[PDB]
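Single chain ahead, by itself, as structure tokens, in the form deposited in one PDB entry.
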């Protein structure tokens, strides 16, 4: 038997952001320095146990950065329980581009009459010394839109599990304490 408690989590953002690295760090605990661009999308599963022995499977949709240029993106976002808006904290364009991704998220939420939880994820915090996006601006963007806030490093693993765990817990409405 199984609850088949499965949450669709879509990971969005520019090609510099580190979406695949974040997902692979979480889903299989591994990292690669050489960039291999995701064409279209890829899919991962990882089951975690939340407090109270609450088992949940995250169905992670790792979307390719080029998809923002087409119409397939709207279909990929449809039915999401959670959305991660990922940017590279050292790359201003990756942050600026989140407006485009989030516009699509809102459009799909409006027409599907849904409301997936949205998380802003500043990746590459191992590169904090060459950070270009101010933490204050990250916070402001969260406040303006009701996003949850995360800072992570796919490379070191810093806060990656905690990010996905928090997103799952927020979707279900469970306290992490």
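Positions refer to the first chain, counted from 1. Just so we're on the same page, rigid core means the largest C-alpha set that superposes within 1.5 Å between forms.
One more form of this protein, deposited in another entry, exists but is not displayed; see below.
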With both forms fit on the core, is the shift of the CA atom of residue 39 between the shown form and the other one 2 Å or larger?
-> yes
Examine residue 110 after superposing the rigid core and state whether its CA is displaced by 2 Å or more between the shown form and the other one.
-> no
Just checking, between the shown form and the other one and with the core aligned, does residue 70 shift 2 Å or more at the CA?
-> yes
In the other form, shift in Cα separation for residue 41 relative to residue 15, 3 Å or more = farther
Report the direction of the Cα distance change between residue 26 and residue 35 in the other form, compared with the displayed form, as closer or farther; the change is 3 Å or more.
-> closer
